[PDB]
Each structure stands twice: as structure tokens, then as C-alpha cells.
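>>> Sharing an experimental structure here, sequence included.
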Number of protein chains: 2
Amino acid sequence: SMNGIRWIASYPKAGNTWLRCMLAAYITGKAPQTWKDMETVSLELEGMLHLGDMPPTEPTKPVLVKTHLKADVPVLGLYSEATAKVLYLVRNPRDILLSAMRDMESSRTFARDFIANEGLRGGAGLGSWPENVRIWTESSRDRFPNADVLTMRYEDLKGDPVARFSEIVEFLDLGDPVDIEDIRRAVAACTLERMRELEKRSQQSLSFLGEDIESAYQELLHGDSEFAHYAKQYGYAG
Amino acid sequence: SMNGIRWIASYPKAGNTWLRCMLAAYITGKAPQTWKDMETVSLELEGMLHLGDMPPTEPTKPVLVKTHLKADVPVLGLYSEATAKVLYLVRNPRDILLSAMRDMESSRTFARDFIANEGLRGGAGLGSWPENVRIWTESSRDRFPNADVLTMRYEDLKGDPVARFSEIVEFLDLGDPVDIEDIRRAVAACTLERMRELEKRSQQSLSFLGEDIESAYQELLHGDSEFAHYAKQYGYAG
């Protein structure tokens, strides 16, 4: 559709933020200097809800909302009809794990938790990694019957940002035709250093944790679990 | 009404929890041992929303929900028709301030913040103290046109728990007639020590901060501010 909700959905640390920076820069025309800047272009569902706020259930315009919640949580139900687009980002779960921790004893325990849970524990509306990936990539067209769905790997976005981001922008159908030079500008606006300034201005293998831990991950990764199923599917496992 | 939402609303630390313990014990028949126990009897709106969950917009039974959000936040709007009762607890703002901090430099700054904000900063859907008190005690019958409203001081509940809590239980209209002996049991189930075990098992004047700070509070308290208006109204000021 043209009017309606665009979900930028993903498991935490799956590239969501970086994308929100690029979307902010592409649309506003200027590179975000703080997080507030990004809020101009896209909302955080969890943030809104934290304040008893929520996105428009009947939107007169395109609306970009980020969330990490599973698509089946009761709140998302409210937007069954109003949702026009679903963008889902996937990232290598290992990279999510490492990312989340950022004191060996402290980390290992965390790492252990992650492996035992196949993800993060917010909590239950977040689901495990495979849970979140499955629901969004497979059940979205059910939960949002007016929506087009697009799934992308963080890694792929990262390897060809101009190509992939233009695809994303095009998919989102924001009303104007995509201009590639804007795309490049937007990619450049959210460089690693830039993302670093954002953090600042707003304030491998698992071997180091121990081979015992790498081992445990590898078992999960190649085992018979749902986690192992979706990892393999997105080229994160053998 | 009989079916529908019962809000247990208040500013944070205004007695809400203690009441939820008594309600849990009155209803289940046993003293809560953890917080999960209380969730049996009453829900936390913020908690649910945190998980993308939410209370029933069309409830087939009486439903007790706690919240600290202002009654006018967009999310509460969803329950305009379904709300049957509003219980609002008020507490002495000074006691809320002290309560919230629980390292002089650390506290003073906090205290200062509080005074400058007339309350807490979650954030904006929480509103300042006077904001929260005003909206709930005055605008409730507007926002929930099928609801009866009852406001009570934490202090009064504390001074005559059996009398006040029976009033509360009666007001809530949970379906069964109030039995006083149950009331006493429920009060006894949530003694100070008991409340202490709950914390554990689940894991004055502002002079000490400095006379400069007490002074600042006193100015707020007797000044011309909304804060000062509602304080005076509930007997917390001169």
C-alpha cells in the first residue's frame, strides 16, 4: 500500500539502528546527530509503549516504526489492517551474542544463558532468535494481510549498502522515486565512525570466553534445534 | 459496572504495591510469596506493554490492572468503554522523593531534579506529580465514562488498613460481598516484615541531603505551583 505502517523489525542488534540512521539521513537530508534525530523519521514501538504512547492505528501517511517484539504479540494485532510493509532484518546470531555483551565470569554466564535460550531473555514478547526469525519471515503475511514483506540479512546490507539500501527504500514505497545519489549520501552519513559519534554524542569465535563455550555454541549451531535450522537457512551455519 | 477493568492507579511509590499484596491475599486466600503471586490477582500495564502484551479491551470478567501512567496517554484510551472502576492512590510527594532514592552527591542531584521537575522523569507518560494527581482525580470520569472513581491517600490506608481496605474492596465490586475477617487476614498478610521478605525473596525532612535542599523543597511545597496546589489539597502542606 501507500499509506500505512512500515515495520522495521528485527531481533535486537540485527542492524536495525544502522538502518534507522540511513533512513533518517535519506529522508531528512541531513545526518542524524543524536537519536532524537532518528525519531524524526522512524519511531520505536517499545519506546512509545513505555510512555503509554503508540503508533496510529489509522494512519493518514506512511509511518516507519521499529520493533524487536514478535509479530504475534497482542499489541501488533492492533495494526493488522493498517500495516502496508514489513521489512525484517536477520543477523548472524553469534554476532548478536557478542554484540549484546558490550570480566570473563560475567560474559561466560551471559554466553551460556544465550546458548541455553537460543537467544535473549524484552523477555518473552521478544522470543528466542529462531522464534523471532520464524514468526516474522513466515507468519507476517498472515498477521498483516495488506502488507508486502521483505527479509534481508544485515551482512548483505553491509556488503553492498548502496544496492541493498536502495532496494529497501524502494520496497518501503515512501512516495518519491529513489534517487541513487541520495542513497550514497545516506550510506555515507552513517559510517562506522559516524555511528560511533552517535553513541558518544548521545550519553570471531567464542573462544575467548573459553573453548568450552565456543564448543557449546557450535553444538547449538549444528544441532537439531530450531535455532540450528534458521541459522543454516541464512548461511550462518555449515 | 460488574465486568470490566479496575485500574489501580498512582504515582510510583504511592502505596500501589502494598495494595496489590493485600488484594492478592484477600482474593487468593494466601499471602503472596513472590511478585508472580501478585500477578495472579492484578496485572502491571507497563509490564504487559513491555512484552507487547496488553489487558483485554473487551473483558468478560473483572480485571485488576496497575499503572503509573497518566490517564490521558493514548494507550489508556483503548479502555475508555471497558473501564468499570478507577482507584487512585495519593501519597505525600516528599515521601515519594525519599522513597525513590533507595553518596550524598548522588542523592542531592536526584532531589534537585525532583524539585525542579515537581516529580519524576516513565518520563513523560508518567507526568509530574501534580500532573498525575490532577489527571486521574479530575479527568477520570471524562476518560472512563462508565467508571466509578475513588481516590485515597496512602497515609489514610496506612492509618486504618482494615477500614480503608474494606472500603477499597467494596468499591472495586469484585462480585462477592466483603467479609471483614478476610480483610484482616489480608492486612496481616502484608505486614512491613512481609513486604520486606517480598523484596528479599524476589532478588523526615530533606535536611540530611542539606538544609539547602530542604529549603528548596519547602519553597516548592508552599509556592504558587501546581505541585504546591495539590500538596496543600491532600494535607501534605501547610
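Great, that's in hand. Numbers count the residues shown, from 1 in each chain, chains lettered A, B, ... in the order given.

>>> Next to chain B, which bits of chain A? Give me the list.
A:45-46, A:49-54, A:67, A:69-70, A:73-76, A:122-126 (CB under 8 Å from any CB of the partner chain). Bear in mind the C-beta positions are built from the backbone N, C-alpha and C, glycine included.

>>> Just the buried residues of these.
Among those, those classed as buried by 16 or more other CB atoms under 10 Å in any protein chain shown are A:45-46, A:49-54, A:67, A:69-70, A:73-76, A:125-126.

>>> Compute the first-to-last residue distance for stretch A:97-104.
Terminal residues of stretch A:97-104 are spaced 14 Å apart (CA to CA, to the nearest Å).

>>> which outside residues touch it?
Outside stretch A:97-104, the residues that touch it by CB atoms under 8 Å, 6 or more residues apart in numbering or on different chains are A:12-13, A:107, A:110-111, A:114, A:120, A:204, A:206, A:208-210, A:217.

>>> quick one, strands of chain A?
Using DSSP state E, the strands of chain A run over A:4-10, A:42-44, A:62-67, A:83-90, A:148-153.

>>> Can you tell me which of these is packed in deepest?
Ranked by mean neighbour count, the strands of chain A are led by strand A:4-10 with a mean of 26 (mean count of other CB atoms under 10 Å in any protein chain shown).

>>> CA atoms only for that strand, dumped as PDB, please.
Output in PDB follows, covering the C-alpha atoms of strand A:4-10 (Å, rounded to 0.1, in the frame of the first residue of the first chain):
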ATOM      1  CA  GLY A   4       0.100   2.800   6.500                       C
ATOM      2  CA  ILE A   5       2.700   1.300   8.800                       C
ATOM      3  CA  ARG A   6       6.100   0.300   7.700                       C
ATOM      4  CA  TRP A   7       7.600  -2.000  10.300                       C
ATOM      5  CA  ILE A   8      11.400  -2.100  10.600                       C
ATOM      6  CA  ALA A   9      11.500  -5.400  12.500                       C
ATOM      7  CA  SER A  10      14.400  -7.500  13.800                       C
END
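
>>> how close does residue A:52 get to residue B:133?
Distance of residue A:52 to residue B:133, computed by CB to CB, to the nearest Å: 16 Å.

>>> ok, now residue A:163?
Between residue A:163 and residue B:133 the distance is 55 Å, computed by CB to CB.

>>> Between those two, point out the one with more neighbours.
Set residue A:163 next to residue B:133 and count neighbours by other CB atoms under 10 Å in any protein chain shown: residue B:133 wins out with 28 against 13.

>>> unless I'm mixing things up, that one is touching residue B:11, no?
Yes - counting by CB atoms under 8 Å, residue B:11 is a contact partner of residue B:133 at 7.1 Å.

>>> list residues touching both of these two?
Taking CB under 8 Å, 6+ apart as the contact rule, residue B:133 and residue B:11 both touch residue B:90.

>>> Check which residues of stretch A:109-123 are buried.
Here stretch A:109-123 shows A:110-112, A:114-115, A:118-120 as buried, counting by 16+ other CB under 10 Å.

>>> What of stretch A:92-102?
Judged by neighbour count (16+ other CB under 10 Å), stretch A:92-102 contains these buried residues: A:92-98.

>>> Out of the residues you listed, which is nearest to chain B?
Comparing the buried residues of stretch A:92-102 against chain B with CB to the nearest CB places residue A:96 closest, at 19.5 Å.

>>> Cross-check the contact I'm expecting between the closest one and residue A:15.
No - in this structure, residue A:96 is not within contact of residue A:15 by CB under 8 Å, at 9.9 Å.

>>> how about the helices in chain A?
A:16-28, A:35-41, A:45-50, A:74-77, A:93-100, A:104-117, A:129-143, A:154-159, A:161-172, A:180-189, A:192-201, A:211-222, A:226-233 (DSSP state H).

>>> And the contacts of the shortest one?
Looking back up the chat, that one is helix A:74-77. Residues from elsewhere that reach helix A:74-77, judged by CB under 8 Å, 6+ apart: A:45, A:49, A:54, A:67, A:69-70, A:143, B:49, B:52-54.

>>> In CSV, list those along with distance to residue B:23.
What follows is these, written out as CSV (distance: CB to CB, whole Å):
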residue, distance to residue B:23
A:45, 30
A:49, 25
A:54, 28
A:67, 32
A:69, 29
A:70, 31
A:143, 35
B:49, 21
B:52, 25
B:53, 20
B:54, 20
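
>>> Closest to residue A:170 out of those?
residue A:67 (21.8 Å; CB to CB).

>>> and the gap between the closest one and residue B:123?
19 Å.

>>> ok, so what distance separates the nearest residue to residue A:89 once chain neighbours are set aside from chain B?
Of all residues not flanking residue A:89 in the chain, residue A:10 sits nearest, at 3.8 Å (CB to CB, 6 or more residues apart in numbering or on different chains). Using CB to the nearest CB, to the nearest Å, we find residue A:10 at a distance of 15 Å from chain B.

>>> isn't residue A:21 right next to residue A:38, touching?
Yes - checked against CB under 8 Å, the pair residue A:21 and residue A:38 is within contact range at 6.2 Å.

>>> Need the overlap of contacts for those two.
With CB under 8 Å, 6+ apart, residue A:21 and residue A:38 have common neighbours residue A:32.

>>> So which residue is dead centre in chain A?
For chain A, the residue nearest the mean C-alpha position is residue A:10 (3.0 Å; CA atoms, centre = their mean).

>>> Distance check, that one against residue A:87.
Relative to residue A:87, and taking CB to CB, residue A:10 is found at 9 Å.

>>> same thing with residue A:158?
Taking CB to CB as the measure, residue A:158 falls 15 Å from residue A:87.

>>> could the strands of chain A go into JSON lines alongside distance to residue B:191?
Shown next, in JSON lines, are these (distance: least, CB to CB, whole Å):
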{"stretch": "strand A:4-10", "distance to residue B:191": "47"}
{"stretch": "strand A:42-44", "distance to residue B:191": "41"}
{"stretch": "strand A:62-67", "distance to residue B:191": "42"}
{"stretch": "strand A:83-90", "distance to residue B:191": "50"}
{"stretch": "strand A:148-153", "distance to residue B:191": "55"}
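
>>> List just the one of those that sits closest to residue B:226.
Checking these against residue B:226 by CB to CB gives strand A:42-44 as the closest, at 29.7 Å.

>>> Give me the contact list for the closest one.
By CB under 8 Å, 6+ apart, strand A:42-44 touches A:8, A:20, A:23-24, A:55, A:63-67.

>>> give the contact list for the closest residue to residue A:172 other than its chain neighbours.
Spatial nearest neighbour of residue A:172, chain neighbours left out: residue A:6 (5.3 Å); criterion: CB to CB, 6+ apart. Residues near residue A:6 by CB under 8 Å, 6+ apart: A:62-65, A:84-87, A:172.
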